[PDB]
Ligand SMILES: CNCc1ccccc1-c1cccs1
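Only one chain is shown below, in structure tokens, and it's the form deposited without the ligand.
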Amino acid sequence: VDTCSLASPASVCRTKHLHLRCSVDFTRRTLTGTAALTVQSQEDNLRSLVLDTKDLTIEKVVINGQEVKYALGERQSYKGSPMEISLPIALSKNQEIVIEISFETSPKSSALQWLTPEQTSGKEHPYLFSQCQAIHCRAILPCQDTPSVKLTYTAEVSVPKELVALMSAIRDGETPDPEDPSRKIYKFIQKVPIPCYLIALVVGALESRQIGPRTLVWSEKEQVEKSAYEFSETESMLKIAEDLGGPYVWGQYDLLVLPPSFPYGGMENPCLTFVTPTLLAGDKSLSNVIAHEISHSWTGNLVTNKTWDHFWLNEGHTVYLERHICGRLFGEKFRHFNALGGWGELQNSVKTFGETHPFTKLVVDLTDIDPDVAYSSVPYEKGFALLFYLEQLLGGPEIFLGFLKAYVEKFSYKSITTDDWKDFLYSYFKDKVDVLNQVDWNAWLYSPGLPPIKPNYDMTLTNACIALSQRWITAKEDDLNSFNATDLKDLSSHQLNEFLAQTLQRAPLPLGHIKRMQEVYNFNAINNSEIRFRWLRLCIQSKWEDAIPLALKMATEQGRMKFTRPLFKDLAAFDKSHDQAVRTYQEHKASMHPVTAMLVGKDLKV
């Protein structure tokens, strides 16, 4: 049973399709419209069902052309309020009805950010966007808000005519509003059954330019040139992901580069991946995020996790594919380098939570836990680590990729659990059941802390990062003169970032070493968001006052949670800046993405 959802479970009824016809109102910061759900019954004699809702105003519910009775339950925190609909005629098993619910969103909807014009690049027009992973789709519309249910949908969206609307679906045409000539209706069809966390909307002044045979890049006009350059290897990545995954079943693959308040690096919305504009490093150095979003097209969007207790199935197989893409493009030694960094970030998450803390288990139990609160790098890296370990044990990359394609093939258009994964892994590796029983499964799946085994890693590109970091850390004042900008000359931006990751793991350092590091490396000049973030974290943790305004400036001007939350956290901890960090949050709380705003307020103990 899906514990994070209050709707009737899939064992009762199943949404097959959603028709949504809505209207984006920027004066009220609301979406208003109707959600017509086509619901099949799974039982005999079905007379009622519950849907998920959150801060939605419900005007009425119409089945068979007539208003039916319904009741809203009391709010249950982050879960929202259940919405029971009294059905007018009892359904037999497999009977299908259409429920059309007239609704309105609240401006406080946790799934949406309402951007004023000054918060955009252009400064003339407003912007709005959505993030429904994990359980915020109920903040947009009543639904069975669980990934245990997949549905197709269609939409018609009325927006200011000067604006443009996109969704996670095939764009199905645009027309002016028959009822209101100042507006446009844009239409969307999604023919592939999807879980509702992938429903996506963005409304703004968008421009497009084509970067491949199935890719257009979407953003504000100021951002299109840079976006088209930065993501020009997407077709190449797709061809690899198809060769490893099997056919791409979604048709198009467009990329939308969002404003900086977007809280994730990416979101794998079918046909329209959302990406952070912090990926625009000028050099395609952060292209692995695109490889993560492309990979989700199979592992995530096709093979879906039945519940959020099994999210690792989403992220771990995806991180496994993403590094496989990156491995093709740039070499097997590069895959291992990324893999090893991954274990590095897993070390930090376990250090941060504590090695016995429940969110460090691969499979979590999310009863009474906001998924926004549990979100970490753990499910990505522990999932990846498990799959890497399994690769090595079971005969290396070629064989484990055979398992991975069969896995997509085997579970496409379904929502699975960990036993469904492990059972199939066992059916596939019939001849290696002895190898598999050797694996310690309770530990990998259900024990907290680090995995019980570490897989073998090639060290070739990593050894240079570890060397320079150790040189800095074992340096005493009288060695600091020997550091020089030629220390970095054979370092890729990636090894550089790994050098800072290595160093940050041992923070703090003497103020003097940091001062010197700036002096000869000019890290401050670097605009790569990964490098800068770690360099800034290193400076604040090492107590450098000069870095307060920079780290502050990064924490607010962008809003990617991977960077924003540790920056406010480090700053809260540093005595000299603690009070500016709290006051800066409170100055910008209103203007922040609601989930980011929530997590930073808790992080800051406001």
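Quick note: we count residues from 1 along the sequence shown, nothing fancier.
Another form, the form solved in complex with the ligand, is not on view; read the next lines as being about it.
*Asks:* Determine which one of 513-521, 229-237, 179-187, 470-478 lies within 4.5 Å of the ligand in the deposited bound form, judging by heavy atom distances; exactly one does.
*Replies:* Of the options, only 179-187 has residues within 4.5 Å of the partner.
*Asks:* May I ask you to check whether residue 528 falls inside a 4.5 Å heavy atom distance of the ligand in the deposited bound form?
*Replies:* Residue 528: no, not in contact with the ligand in the deposited bound form.
*Asks:* Even though the partner isn't displayed, in the deposited bound form is residue 220 close enough to the ligand, meaning a heavy atom within 4.5 Å?
*Replies:* No - in the deposited bound form, heavy atoms of residue 220 and the ligand never come within 4.5 Å of each other.
*Asks:* Check whether residue 33 has any heavy atom within 4.5 Å of a heavy atom of the ligand in the deposited bound form, and answer yes or no.
*Replies:* It does: once the ligand is placed as it appears in the deposited bound form, residue 33 has a heavy atom within 4.5 Å of it.
*Asks:* Quick check on residue 13: any heavy atom within 4.5 Å of the ligand in the deposited bound form?
*Replies:* Close contact is absent here: in the deposited bound form, residue 13 is far from the ligand, nothing within 4.5 Å, heavy atoms only.
*Asks:* Of 154, 215, 158, 110, which one comes within 4.5 Å of the ligand in the deposited bound form, counting heavy atoms only?
*Replies:* Result of the distance check: 158.
*Asks:* Counting only non-hydrogen atoms and a 4.5 Å cut-off, give the residues of 344-373 close to the ligand in the deposited bound form.
*Replies:* Contacts from 344-373: none.
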